[PDB]
Amino acid sequence: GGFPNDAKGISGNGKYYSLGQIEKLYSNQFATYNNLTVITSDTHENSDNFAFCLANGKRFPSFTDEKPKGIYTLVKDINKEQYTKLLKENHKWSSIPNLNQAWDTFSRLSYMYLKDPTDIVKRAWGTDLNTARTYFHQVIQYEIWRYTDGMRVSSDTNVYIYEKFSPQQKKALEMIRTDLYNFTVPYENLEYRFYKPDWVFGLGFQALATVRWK
């Protein structure tokens with residue numbers, strides 16, 4: 001179950017790029033859903049197979065035509081206090097709703113993508129893991145934003161997003177909402193990671209965070 005994060009790229013200069021959420025890899029092609037994969041700035045090796053954006057109101061990273069927008073440094077093996085501090089720093093001009101709980105929801109939701117402890121993917125997509133790999137990322141991402149940014153998506157709230165969801169995504173969202181608190185997260189066996197965006201003039205970039213097995 002879940003989607004492994006077995007990437008091992010480490011950048012020689014400590015800087016990383018992301019392929020983005022829905023972005024073109026090459027400007028003459030149709031955009032693809034890229035799971036916010038994070039790559040080394042030097043070798044373009046994945047460092048983390050997926051990641052999640054932590055600030056829906058900031059700039060999103062991309063790597064179209066191999067030109068980075070949004071450059072990151074990595075904080076390894078984060079805990080509740082570090083996550084909370086870094087998340088808050090990335091939201092200087094917005095308040096995070098139920099901030100106390102922000103680590104709990106992020107760490108649970110990202111783990112549900114990594115491991116899927118309650119078998120949401122089997123129930124929503126069956127054996128179609130290729131579709132689920134991106135379509136489940138997207139619903140997990142929106143639910144992360146419910147908690148980072150108050151972006152609750154439903155048939156009567158943020159309808160412009162909801163109506164774009166596939167039927168399987170809609171089912172998965174209901175399962176996520178039912179199952180969120182109904183498992184224990186095995187923190188001692190996991191490495192959570194934070195990607196801190198380098199400063200730029202103006203509205204900055206969203207931070208990213210992700211998880212892998214140790």
Side-chain angles (χ1 to χ4, degrees), residues 2-7 9-27 32-75 77-84 86-87 89-91 93-94 96 99 102-103 105-107 109-111 113-114 133-134 137 140-141 144-145 148-149 185 187 189-195 197-213:
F3 303 98
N5 184 9
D6 58 352
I10 295 289
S11 193
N13 67 356
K15 305 302 183 77
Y16 299 84
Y17 309 147
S18 178
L19 304 185
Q21 189 186 16
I22 302 179
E23 300 290 348
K24 298 179 180 180
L25 271 62
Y26 299 95
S27 57
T32 46
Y33 194 101
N34 310 320
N35 288 356
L36 290 153
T37 300
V38 184
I39 64 168
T40 62
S41 65
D42 45 12
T43 58
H44 307 176
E45 284 171 43
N46 289 3
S47 60
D48 281 290
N49 288 346
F50 58 84
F52 294 100
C53 180
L54 306 177
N56 77 347
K58 294 195 138 188
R59 298 176 64 194
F60 284 24
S62 61
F63 194 56
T64 306
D65 297 338
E66 306 212 84
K67 305 301 174 275
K69 289 287 184 195
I71 301 176
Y72 296 85
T73 56
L74 171 62
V75 188
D77 201 14
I78 68 180
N79 62 21
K80 179 174 181 173
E81 298 73 22
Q82 296 177 273
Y83 176 81
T84 302
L86 293 172
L87 175 68
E89 189 172 290
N90 194 234
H91 284 257
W93 309 116
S94 56
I96 298 159
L99 181 61
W103 169 246
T105 63
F106 164 74
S107 64
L109 286 162
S110 63
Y111 177 72
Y113 187 76
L114 181 73
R133 180 179 68 91
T134 60
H137 184 280
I140 291 284
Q141 176 68 90
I144 288 171
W145 287 331
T148 60
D149 290 284
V185 177
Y187 292 106
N189 294 333
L190 294 166
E191 185 198 339
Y192 287 92
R193 291 179 159 197
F194 199 99
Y195 287 98
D198 285 356
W199 183 89
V200 298
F201 177 82
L203 180 67
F205 284 88
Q206 53 150 209
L208 313 172
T210 193
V211 62
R212 57 170 61 231
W213 295 105

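Numbers here are sequence positions counted from 1.
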(message) Please enumerate all residues that pass side-chain hydrogen bond (donor to acceptor under 3.5 Å, both in side chains) together with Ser41, with sequence neighbours excluded.
(response) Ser11, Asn13
(message) Show the nearest heavy-atom pair for residues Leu87 and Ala102, with the distance to one decimal.
(response) CD2-CB, 3.7 Å
(request) For the residue pair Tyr72 and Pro61, establish whether any side-chain heavy-atom pair is separated by less than 4.5 Å. (result) yes
(request) Mind telling me whether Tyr187 and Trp103 have parallel, tilted or perpendicular rings, with 30° and 60° as the class edges? (result) parallel
(message) Could you check whether any side-chain heavy atom of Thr84 comes within less than 4.5 Å of a side-chain heavy atom of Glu81, counting everything from C-beta outward?
(response) no
(message) Do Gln82 and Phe194 make a side-chain contact, defined as non-hydrogen atoms from C-beta onward lying under 4.5 Å apart?
(response) no
(message) The criterion is side-chain hydrogen bond (donor to acceptor under 3.5 Å, both in side chains); which residues satisfy it with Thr134, sequence neighbours excluded?
(response) none
(message) Quiz question: by atom type and distance under 3.5 Å, do the side chains of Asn35 and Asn49 form a donor-acceptor pair?
(response) no
(request) Kindly say whether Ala7 contributes a backbone atom to a donor-acceptor pair with the side chain of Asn46 at under 3.5 angstrom? (result) no
(request) Over all heavy atoms of both residues, which pair between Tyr33 and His137 is shortest? Give the atoms and the distance, please. (result) OH-ND1, 2.7 Å
(request) Taking salt bridge (charged side-chain N to carboxylate O under 4.0 Å, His left out) as the test, write out the residues that go with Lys15, two or more places apart. (result) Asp198
(request) Verify whether the ring centers belonging to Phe50 and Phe3 lie closer than 6.0 Å. (result) no
(message) Please determine whether side chain to side chain contact (heavy atoms under 4.5 Å, CB included) holds for the pair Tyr113 and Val211, giving the CA-CA distance in whole Å, both sets of side-chain angles, and the decisive distance to 0.1 Å.
(response) CA-CA 9 Å; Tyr113 187 76; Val211 62; over 6 Å; no
(request) Report yes if the side chains of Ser18 and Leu208 come closer than 4.5 Å at any heavy-atom pair, otherwise no. (result) yes
(request) Using the ring pair (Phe, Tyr, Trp, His ring centres under 6.0 Å) rule, take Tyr83 and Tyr192 through it: C-alpha gap first, then chi angles, then the decisive distance, then the call. (result) CA-CA 9 Å; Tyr83 176 81; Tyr192 287 92; 8.3 Å; no
(message) Go through it in stages, so that I can follow the logic: the residues are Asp48 and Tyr16, the test is side-chain hydrogen bond (donor to acceptor under 3.5 Å, both in side chains), and I'd like the CA-CA distance, side-chain angles, deciding distance and then a yes or no.
(response) CA-CA 10 Å; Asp48 281 290; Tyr16 299 84; over 6 Å; no
(request) For residues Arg193 and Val38, determine if any side-chain heavy atom of one lies less than 4.5 Å from a side-chain heavy atom of the other. (result) no
(request) Without swapping roles, check the side chain of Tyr111 against the backbone of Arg212 for a donor-acceptor pair under 3.5 Å. (result) no
(request) Kindly compute the distance separating CG (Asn5) from CD (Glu191), expressed to the nearest 0.5 Å. (result) 9.0 Å
(request) Find out whether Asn56 and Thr148 are in side-chain contact, i.e. whether some heavy atom of one side chain is under 4.5 Å from a heavy atom of the other. (result) no
(request) List for me each residue that meets side chain to side chain contact (heavy atoms under 4.5 Å, CB included) alongside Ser62, sequence neighbours excluded, and say none if there are none. (result) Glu23, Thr64, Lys69
(request) Please report the shortest heavy-atom distance between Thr32 and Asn34, naming the atom on each side. (result) OG1-OD1, 2.7 Å
(request) State the CZ-NZ distance between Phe205 and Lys58, to the nearest 0.5 angstrom. (result) 10.5 Å
(request) Report yes or no: does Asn90 contribute a side-chain atom to a donor-acceptor pair with the main-chain N or O of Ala207 at less than 3.5 Å? (result) yes
(request) Could you grab the distance from atom CD1 of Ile78 to atom CZ of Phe106, nearest 0.5 Å is fine? (result) 6.0 Å
(request) Indicate the atoms forming the closest heavy-atom contact of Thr40 with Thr43, along with that distance. (result) OG1-OG1, 2.7 Å
(message) Within this structure, what is the CG-CG distance for the pair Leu109 and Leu114, rounded to the nearest 0.5 Å?
(response) 12.5 Å
(request) Could you label the plane-to-plane angle of the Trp199 and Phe201 rings as parallel, tilted or perpendicular, counting under 30° as parallel and over 60° as perpendicular? (result) perpendicular
(message) For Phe63 together with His44, are the ring centres under 6.0 Å from each other?
(response) yes
(request) Determine the minimum heavy-atom distance between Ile144 and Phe52, stating which atoms define it. (result) CD1-CG, 3.5 Å
(request) Give the minimum heavy-atom separation between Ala55 and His91, together with the two atoms involved. (result) CB-NE2, 3.6 Å
(message) Please enumerate all residues that pass side-chain hydrogen bond (donor to acceptor under 3.5 Å, both in side chains) together with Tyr26, with sequence neighbours excluded.
(response) none
(message) Do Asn189 and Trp213 have side chains that approach each other closer than 4.5 Å (heavy atoms only, starting at C-beta)?
(response) yes
(request) Establish, from distance only, whether the side-chain atoms of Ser27 and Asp65 form a donor-acceptor pair under 3.5 Å. (result) yes
